[PDB]
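Participant: Next up is a structure, given as structure tokens.
Cβ placement follows ideal geometry from the backbone for every residue including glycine, while neighbour counts extend to all protein chains displayed. Every number in this text was worked out from the coordinates using simple rules, so none of it is lab data.
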Amino acid sequence: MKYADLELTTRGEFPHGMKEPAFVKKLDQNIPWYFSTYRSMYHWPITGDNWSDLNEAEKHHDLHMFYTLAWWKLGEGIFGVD
Amino acid sequence: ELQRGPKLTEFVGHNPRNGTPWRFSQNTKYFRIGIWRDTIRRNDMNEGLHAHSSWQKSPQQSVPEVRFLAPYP
Amino acid sequence: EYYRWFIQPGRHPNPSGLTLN
Amino acid sequence: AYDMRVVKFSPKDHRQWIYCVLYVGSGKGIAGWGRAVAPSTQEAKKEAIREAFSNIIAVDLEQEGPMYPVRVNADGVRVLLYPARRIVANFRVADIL
Amino acid sequence: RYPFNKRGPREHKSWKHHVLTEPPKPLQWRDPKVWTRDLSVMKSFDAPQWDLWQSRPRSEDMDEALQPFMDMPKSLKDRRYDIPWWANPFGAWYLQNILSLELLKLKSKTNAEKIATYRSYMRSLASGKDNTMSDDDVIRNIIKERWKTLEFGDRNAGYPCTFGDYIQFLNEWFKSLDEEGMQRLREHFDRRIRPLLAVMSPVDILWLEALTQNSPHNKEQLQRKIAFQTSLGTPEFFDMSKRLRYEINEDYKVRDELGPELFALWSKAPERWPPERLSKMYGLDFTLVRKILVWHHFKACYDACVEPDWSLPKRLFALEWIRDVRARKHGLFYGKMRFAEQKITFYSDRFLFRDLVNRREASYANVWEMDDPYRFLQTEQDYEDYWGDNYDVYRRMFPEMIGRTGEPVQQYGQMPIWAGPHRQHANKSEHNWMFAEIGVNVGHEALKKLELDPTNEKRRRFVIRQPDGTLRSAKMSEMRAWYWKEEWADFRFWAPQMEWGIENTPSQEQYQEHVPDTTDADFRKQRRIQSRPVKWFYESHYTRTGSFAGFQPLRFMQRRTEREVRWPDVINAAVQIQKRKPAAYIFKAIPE
Amino acid sequence: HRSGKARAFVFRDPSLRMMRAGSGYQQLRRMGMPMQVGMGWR
Amino acid sequence: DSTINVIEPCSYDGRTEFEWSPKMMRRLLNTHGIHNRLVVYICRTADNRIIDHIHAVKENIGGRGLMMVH
Amino acid sequence: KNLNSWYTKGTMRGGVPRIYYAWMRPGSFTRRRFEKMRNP
Amino acid sequence: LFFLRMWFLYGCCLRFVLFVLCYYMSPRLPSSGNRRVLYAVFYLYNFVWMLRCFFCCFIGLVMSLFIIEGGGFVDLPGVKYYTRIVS
Amino acid sequence: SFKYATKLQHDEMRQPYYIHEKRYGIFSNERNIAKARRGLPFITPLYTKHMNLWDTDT
Amino acid sequence: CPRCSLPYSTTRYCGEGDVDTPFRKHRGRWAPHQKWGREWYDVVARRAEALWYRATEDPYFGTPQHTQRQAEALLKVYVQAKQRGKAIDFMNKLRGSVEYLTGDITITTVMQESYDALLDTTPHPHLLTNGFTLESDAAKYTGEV
Amino acid sequence: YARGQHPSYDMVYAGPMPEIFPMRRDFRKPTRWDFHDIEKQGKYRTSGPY
RNA sequence: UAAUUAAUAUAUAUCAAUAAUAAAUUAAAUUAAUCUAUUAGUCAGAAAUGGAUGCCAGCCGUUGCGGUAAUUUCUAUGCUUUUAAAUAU
Ligand SMILES: [Mg+2]
Ligand SMILES: [Mg+2]
Ligand SMILES: [Mg+2]
Ligand SMILES: [Mg+2]
Ligand SMILES: [Mg+2]
Ligand SMILES: [Mg+2]
Ligand SMILES: [Mg+2]
Ligand SMILES: [Mg+2]
Ligand SMILES: [Zn+2]
């Protein structure tokens, strides 16, 4: 369904989320305390049954799930039969 | 309780309810010098806030729903 | 938006952005 | 902290030894602290570290904080550990806790 | 001492004019390749992220599953033509190898083998070969390795599929999914991928890339690094397929609870089968075995193609339900009460005696009365907490919790004015005039309801003169306006809306800078886009609970403000977070 | 330090410190013990 | 070791007499929103009974402080 | 009542994570020695 | 906090004074040099006091009255008051 | 127990006025308000003490 | 626009020239129009859903059972969202209801035929549908023009 | 119950309230401290992760 | 029934009466009236290089610094800050 033969040359790397980051020596702020000192406003998980017209939780979960399945090629070769 | 055990439940934020389960990844400002020091001299122990990261020396990474009581493998 | 798929990651073909002449 | 103490091995001989104080911790309920006097900086570091693993303590986190006041004195240092709505403490004491 | 002996405030490089301009700005010559189509902003030339849709408020994204197809221009999208799903070369490959059974030839057993296999299968005698592998395991091994051997690339060369061709099939398929389709999907995701997502490690990234045969940036240095590190353990140790091997509690396998126990009985009269009769089956503890019974009910229902009772987890866990409702009521929070928040009372050893003789001596006319689901409940409070959630049962059983009645707004008779028309203009004016009464017997919050009570004749009096000059009793809103503002928020069934959140707090308190409010793409607030319906319109009204303002907003302002660290001089109290202000401000003109 | 202030060996139980405060000046003002003999706050 | 961490009298003198309001005794019971009966405080009552603070709070009587033990 | 509101307790330390327990302490979780009868 | 070094501020944060003398004085070892000391006068309740203070300031064209400010310690013993600006 | 309960300027922290009536009779102060020397500094002493503390009766 | 309901031709941003607009706040920035497609289509769907529950849930403004008006209104929304699965399921659910068996709600001719119309004109998962436009160039793959 | 002989079921007999149907994988939500360039986290732009 | 279409009083005082009121990017559902608004550090502890100076001049919250190489003085330039200022009481 809805096929065309497409050549997609560059796919970004695997979303394993763990990649050796870029290294520096000196940094901008030399003040490590800020890490521990920083606070934020409260993240409240839920308000009143958590209803939304844009269905955020479900939709975003599924979209992530999709490219994750894609990149693992549906986890289909990895598991043998125990 | 019948398989793999309970989750290791952490938080960053005010409470368990107010924060995220996620630590901050390696791309943080404060983690880079430390993680560097850890990549280079791997065998000696290293000071830093790079501990609190979701990335570390050990093969077991800290990300949510680690099953830590598992008799794995 | 579709360009991102065909680029080579290290190459930033014109870092300045100015063709000049 | 790092520091320098002179160590007299004889009436002529004088060495420079340094002094380390650190604390090992893991937010998972286990910490420990150590100190040492060694010849080098690296030495006092490694020393104090295996000293801090000798002294490791644990805490039962079922209760998440002390349920009654603990009044106890380290040598000459009078300490109060009491229940609070949140963590309040001097910055260092705070992230030791 | 005083900085200002010897000299005044130093104005030296106060503009810091070396920071003002870069001496190279821009032009009409901006490259059409490396800029936006509009020449608005530079394009970012680093490798593509697959998630980009989450950060940007563009709506075509959400019409396609995988990312590259979201970024596709319409002009290309038109040249994708509708063809049968297996005419898609990946769908072809999938059709050949996975879905086509009959094309699969298995190595033919000899007769020796046939006999040995048979006699192993019917009667087991120990010490024998433990393999004896069923051809179903063989078959599924063959299939899974057909997923190993599948590789992408150009198909005039060896491989069956273009990577783009595979994610094409994938994309058309993910849009094609229904409710239970993507339910089966997410399930299959949680059982296979998700655990792996927890057990991963840098040491696998190369292998993780060997699934799609994609080439990494550092590939050489990762070769060396991962060689040196996998050198430090057994090859068995380090491979990901075997990392999930073992499970706690081998006696009850998830596989065998798939067939639900005695489903041919409690299906037919689910009343005569309280949880007890079943729970005698498992050698586990209480919480675990009720958990399992829930899962049985659900499996069973899904199997018979009917919908399950969603109130069953409330009915089996009823004691826990109410413990939680009441905890939520007591400590004000929404969630599940956990252990640190239990009371520290210490009971005597024999504390249970009264109840123990009450139980030992109880008697029951029939067995249903013995264990019915609702014996947990006596007073009305209980019936109110056990059903707060169904607005059905609650609305029917507690009709007076939604106030339908009120003190009618009535007009007062005016006092006669002897001066006649001469003054008849006077009490007619511009505005409304509210008059609330005070006095020793009135205006105390303690007594508030007695005071607003229509039955009490010492009741606090209000009057309102409308601009035309008549007077009426106060509307109940006006009445209540005259008492110190009052918070009603109750936490027991649905989460009340709480103050000082991400989406609640306006900018200046939340961040110490002005942040633009746009209804799209707030990166700070981790939201993609926002449609803003009217707040309480589309939601159910019982779902509206209240608002809790009753705590300190610690990001903003706290008690006993103090410097964290005195040296260095830079750190303040933890409420002062802020970005650095620059050397003197540069203003770019912004119609663009 | 013979010449100098006595120090506690350990802290004081804060709870107990709050328990000894019941009859203190503030609680007295709230009970209305002292007579109001002058104009007071305006 | 002992079952008694610390045990302290309420008053050093007999010339000092400390009075416990029902609300104070109610504060002791509460550790930041969780009900805590750990520590025990002991009272005289107007009625000559020696009570813990928990019974006292139960019936809302104020009493004279004696000691605290945990 | 209590106004202390278990929802809002705690202090944000910035990036610093910490453990918390859903119910009991994890050591107390698997009881197998009394279950499978491994005890002296 | 040493509250007796402030004796001539008489509870005030800053003071006015008229210049009289300037002599030089040698600080406590191991700090050597010449520290400039200004000998000043001011009046309170028609009493004329001679205040003796450290001169850290900048003197331009000849001027009379200074502004005395408070503490900290200095090399020179017995010097307790300092100079802010000259008028 | 806190600073806010120090401020008696709330009416919620202060023993109410009417007590002084219950002791000395009702509308008893309207007499004292017209007195020649008043409020400089002193006013006719105003007795408000929670009735269960009254030294007289209890 | 699906979001702000302003015309596409004469208006560049969401909430332009609307006095009561949510989408433009004080020092905030302007937001360009959002386009129709599956996203907002099922947004409209979900809103209609919520209203449909609130119709029997609300004490004050609610009806005891669903009126006919509400049924054909919902169905019309589904039709107008090009929402297929939902239309089917809803129809069947309807004829499975109590109101249907009581005789209170009925399926009329208009509902029936609009239902069928939408059944025709949108993609069906396994089959080709009325209102599928043949692409001349699909011969590149299919082989037949 | 009225006469005191009905077996109690109190909140004291209630154990842990179990998670029965496990929610969803919570995917890592991009914050301002997660960026592949050390720029954008610079002191002139970012005050903290959010 | 002087007056309430009033709260406005110009430039004086005493002891009060806390003003850097989004201190920096999308604009004021006005009536557009008052205002043109800046400082600190730069050893320890966020942040340094030249040049002088040489127990001098000077710094000093504090241990203390200054002995021709001063990251602690003076000056120039950059650079540092969690942004109602430093400093004195
Ligand atoms: Mg009983
Ligand atoms: Mg003095
Ligand atoms: Mg000194
Ligand atoms: Mg006080
Ligand atoms: Mg430094
Ligand atoms: Mg200086
Ligand atoms: Mg020289
Ligand atoms: Mg220098
Ligand atoms: Zn719009």
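Participant: How many of the residues in region E:328-362 are within 16 Å of ligand 1 (Cβ to nearest atom) and either in contact with a helix residue (DSSP H, G or I) (Cβ under 8 Å, 6 or more places away or on another chain) or among the hydroxyl-bearing types (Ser, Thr, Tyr) (or both)?
Facilitator: The qualifying residues number 2.
Participant: Return the only residue of E:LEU76, E:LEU95 being surrounded by fewer than 17 Cβ atoms within 10 Å (Cβ to Cβ), within 14 Å of chain K (Cβ to nearest Cβ) and either acidic (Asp, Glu) or in a helix (DSSP H, G or I) (or both).
Facilitator: That would be E:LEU76, the only listed residue that is surrounded by fewer than 17 Cβ atoms within 10 Å (Cβ to Cβ), within 14 Å of chain K (Cβ to nearest Cβ) and either acidic (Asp, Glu) or in a helix (DSSP H, G or I) (or both).
Participant: Moving to a separate point now. Take the conditions more than 16 Å from ligand 2 (Cβ to nearest atom), surrounded by 15 or more Cβ atoms within 10 Å (Cβ to Cβ) and not hydroxyl-bearing (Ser, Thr, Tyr) and apply them to K:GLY85. Does it pass?
Facilitator: Here the answer is no, as K:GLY85 does not meet what is asked.
Participant: Evaluate region E:160-172: report whether one residue or more is more than 9 Å from chain A (Cβ to nearest Cβ) and closer than 22 Å to A:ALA4 by Cβ.
Facilitator: Looking through region E:160-172, at least one residue is more than 9 Å from chain A (Cβ to nearest Cβ) and closer than 22 Å to A:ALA4 by Cβ.
Participant: Additional query: Does E:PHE90 satisfy the condition of being part of a helix (DSSP H, G or I), surrounded by 11 or more Cβ atoms within 10 Å (Cβ to Cβ), in contact with a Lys or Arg (Cβ under 9 Å, 6 or more places away or on another chain) and among the hydrophobic types (A, V, I, L, M, F, W, C)?
Facilitator: No, not satisfied.
Participant: Which pairs turn up if I take residues in region I:62-85 that are within 16 Å of ligand 4 (Cβ to nearest atom) and look for partners that are in a loop (DSSP other than H, G, I, E, B) with beta carbon separation below 7 Å, at least 6 apart in sequence or on another chain?
Facilitator: Matching pairs, first to second residue: none at all.
Participant: Considering region E:195-221 alone, what residues qualify as being more than 18 Å from E:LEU244 (Cα to Cα), in a helix (DSSP H, G or I) and away from chain B (no Cβ under 12 Å)?
Facilitator: Of everything in region E:195-221, those that are more than 18 Å from E:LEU244 (Cα to Cα), in a helix (DSSP H, G or I) and away from chain B (no Cβ under 12 Å) turn out to be E:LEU206, E:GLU209, E:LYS219, E:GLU220.
A quick yes/no check of all residues on (1) acidic (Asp, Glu); (2) in a helix (DSSP H, G or I); (3) in contact with an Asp or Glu (Cβ under 9 Å, 6 or more places away or on another chain); (4) away from chain H (no Cβ under 12 Å):
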site	(1), (2), (3), (4)
B:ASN18	no, no, no, no
B:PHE31	no, yes, no, no
B:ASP38	yes, yes, no, yes
B:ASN43	no, no, no, yes
B:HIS52	no, no, no, no
B:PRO73	no, no, yes, yes
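Participant: Among the residues of region A:31-54, write down those that are away from chain H (no Cβ under 14 Å), closer than 30 Å to E:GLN67 by Cβ and crowded, with 16+ Cβ neighbours inside 10 Å.
Facilitator: Correct list: A:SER52, A:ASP53, A:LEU54.
Participant: Here's a follow-up. So B:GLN56 passes all but one of these: (1) within 17 Å of A:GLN29 (Cβ to Cβ); (2) assigned to a loop (DSSP other than H, G, I, E, B); (3) in contact with a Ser or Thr (Cβ under 7 Å, 6 or more places away or on another chain); (4) more than 7 Å from every other protein chain (Cβ to nearest Cβ). Which condition number does it fail?
Facilitator: So B:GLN56 meets the others, but not (1).
Participant: Inspect region A:10-30 for any residue being within 7 Å of chain E (Cβ to nearest Cβ) and more than 23 Å from E:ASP46 (Cα to Cα) and give the result as yes or no.
Facilitator: Among the residues of region A:10-30, not one is within 7 Å of chain E (Cβ to nearest Cβ) and more than 23 Å from E:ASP46 (Cα to Cα), which makes the answer no.
Participant: For chain H, enumerate the residues that are within 14 Å of chain G (Cβ to nearest Cβ) and either in contact with a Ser or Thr (Cβ under 7 Å, 6 or more places away or on another chain) or closer than 19 Å to D:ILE87 by Cα (or both).
Facilitator: Once the filter is applied, which keeps residues that are within 14 Å of chain G (Cβ to nearest Cβ) and either in contact with a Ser or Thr (Cβ under 7 Å, 6 or more places away or on another chain) or closer than 19 Å to D:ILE87 by Cα (or both), chain H yields H:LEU3, H:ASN4, H:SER5, H:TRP6, H:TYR7, H:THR8, H:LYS9, H:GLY10, H:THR11.
Participant: Taking the options D:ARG71, D:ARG78, D:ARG85, name whichever one is more than 12 Å from the chain's Cα centre (by Cα), assigned to a loop (DSSP other than H, G, I, E, B) and without any contact (Cβ under 8 Å) to a residue 24 or more places away in the chain.
Facilitator: Exactly one of D:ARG71, D:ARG78, D:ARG85 is more than 12 Å from the chain's Cα centre (by Cα), assigned to a loop (DSSP other than H, G, I, E, B) and without any contact (Cβ under 8 Å) to a residue 24 or more places away in the chain, namely D:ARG85.
Participant: Among strands (runs of 3 or more DSSP E) lying entirely in chain G, which contain 3 or more residues that are within 9 Å of the chain's Cα centre (by Cα) and either at the interface with another protein chain (Cβ under 10 Å from one of its Cβ atoms) or surrounded by 14 or more Cβ atoms within 10 Å (Cβ to Cβ) (or both)?
Facilitator: Output list reads G:40-44, G:63-69.
Participant: Here's something else I'd like to know. If you go through region J:33-58, how many residues are surrounded by 10 or more Cβ atoms within 10 Å (Cβ to Cβ) and under 13 Å from F:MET39 (Cβ atoms)? Working first, answer last.
Facilitator: Pass one, region J:33-58, residues surrounded by 10 or more Cβ atoms within 10 Å (Cβ to Cβ): J:33, J:35, J:38-39, J:42-51, J:53-54.
This time we only want the ones that are under 13 Å from F:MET39 (Cβ atoms), so: J:33, J:38-39, J:42-46.
Selection size over region J:33-58: 8.
Participant: Another question, if that's okay. Would you mind stating whether K:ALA55 is small (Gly, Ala, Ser), in contact (Cβ under 8 Å) with a residue 12 or more places away in the chain and more than 16 Å from ligand 4 (Cβ to nearest atom)?
Facilitator: Details: small (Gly, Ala, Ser): yes; in contact (Cβ under 8 Å) with a residue 12 or more places away in the chain: yes; more than 16 Å from ligand 4 (Cβ to nearest atom): yes.
So K:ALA55 passes the test.
Participant: Kindly indicate whether K:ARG38 is surrounded by 16 or more Cβ atoms within 10 Å (Cβ to Cβ), more than 12 Å from E:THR519 (Cβ to Cβ), more than 16 Å from ligand 2 (Cβ to nearest atom) and of a type outside the set (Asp, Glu).
Facilitator: yes
Participant: Mind checking which residues of region K:15-49 are at the interface with chain E (Cβ under 7 Å from one of its Cβ atoms), closer than 17 Å to E:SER59 by Cα and either within 16 Å of ligand 3 (Cβ to nearest atom) or not in a helix (DSSP H, G or I) (or both)?
Facilitator: Passing the criteria: K:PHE23, K:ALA31, K:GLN34, K:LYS35, K:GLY37.
Participant: Here's another thing I want to ask about it. Out of E:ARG56, E:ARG37, E:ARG30, E:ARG10, report the one residue that is within 29 Å of E:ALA521 (Cβ to Cβ), surrounded by fewer than 11 Cβ atoms within 10 Å (Cβ to Cβ) and of a type outside the set (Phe, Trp, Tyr). Lay out the reasoning, then the answer.
Facilitator: On the way: E:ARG56 fails: surrounded by fewer than 11 Cβ atoms within 10 Å (Cβ to Cβ); E:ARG30 fails: surrounded by fewer than 11 Cβ atoms within 10 Å (Cβ to Cβ); E:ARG10 fails: within 29 Å of E:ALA521 (Cβ to Cβ).
Unique residue meeting the criteria: E:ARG37.
Participant: Go through region L:7-30 and report how many residues are more than 7 Å from every other protein chain (Cβ to nearest Cβ) and assigned to a loop (DSSP other than H, G, I, E, B).
Facilitator: Adding up the residues that qualify gives 5.
Participant: Here's something else I'd like to know. Return the residues of region K:1-17 that are of a type in the set (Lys, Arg) and more than 16 Å from RNA strand M (Cβ to nearest atom); say none if nothing qualifies.
Facilitator: Correct list: K:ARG3 only.
Participant: Sticking with this structure for a sec: Could you tell me whether A:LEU6 is facing chain E (nearest Cβ under 7 Å) and in a loop (DSSP other than H, G, I, E, B)?
Facilitator: Details: facing chain E (nearest Cβ under 7 Å): yes; in a loop (DSSP other than H, G, I, E, B): yes.
When the stated conditions are applied, A:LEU6 passes them.
Participant: Restricting to strands (runs of 3 or more DSSP E) lying wholly in region I:22-87: which have 1 or more residues that are over 18 Å from I:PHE8 (Cβ atoms) and under 14 Å from the mean Cα position of the chain (by Cα)?
Facilitator: So the answer is I:35-44, I:82-86.
Participant: Let me ask you something else. Would you check if E:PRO506 is within 9 Å of chain K (Cβ to nearest Cβ) and exposed (fewer than 15 other Cβ atoms within 10 Å of the Cβ)?
Facilitator: Working: within 9 Å of chain K (Cβ to nearest Cβ): no; exposed (fewer than 15 other Cβ atoms within 10 Å of the Cβ): yes.
Criteria not met by E:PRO506.
Participant: Quick test of your reading of the structure: E:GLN530 fulfils all but one of (1) within 22 Å of H:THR8 (Cβ to Cβ); (2) free of Cβ contacts under 8 Å to residues at least 12 places away in the same chain. Name the failing condition by number.
Facilitator: Of (1) within 22 Å of H:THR8 (Cβ to Cβ); (2) free of Cβ contacts under 8 Å to residues at least 12 places away in the same chain, only one is false for E:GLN530: (1).
Participant: Now for a different question. I'd like to check which helices (runs of 4 or more DSSP H) are fully inside region K:70-145 and have at least 2 residues that are β-branched (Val, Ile, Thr).
Facilitator: So the answer is K:98-102, K:109-121.
Participant: Restricting the search to region E:280-297, which residues are among the hydroxyl-bearing types (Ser, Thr, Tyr) and over 28 Å from the mean Cα position of the chain (by Cα)? Write out each step before concluding.
Facilitator: Within region E:280-297, the subset among the hydroxyl-bearing types (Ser, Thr, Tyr) is E:282, E:287.
Within region E:280-297, E:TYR282 is the sole residue that qualifies.
Participant: Continuing with this model, one more query. Say we look at region A:32-82 and pick out the residues that are of a type in the set (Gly, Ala, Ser) and under 18 Å from the mean Cα position of the chain (by Cα); which of these is nearest to E:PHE189 (Cα to Cα)?
Facilitator: A:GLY75
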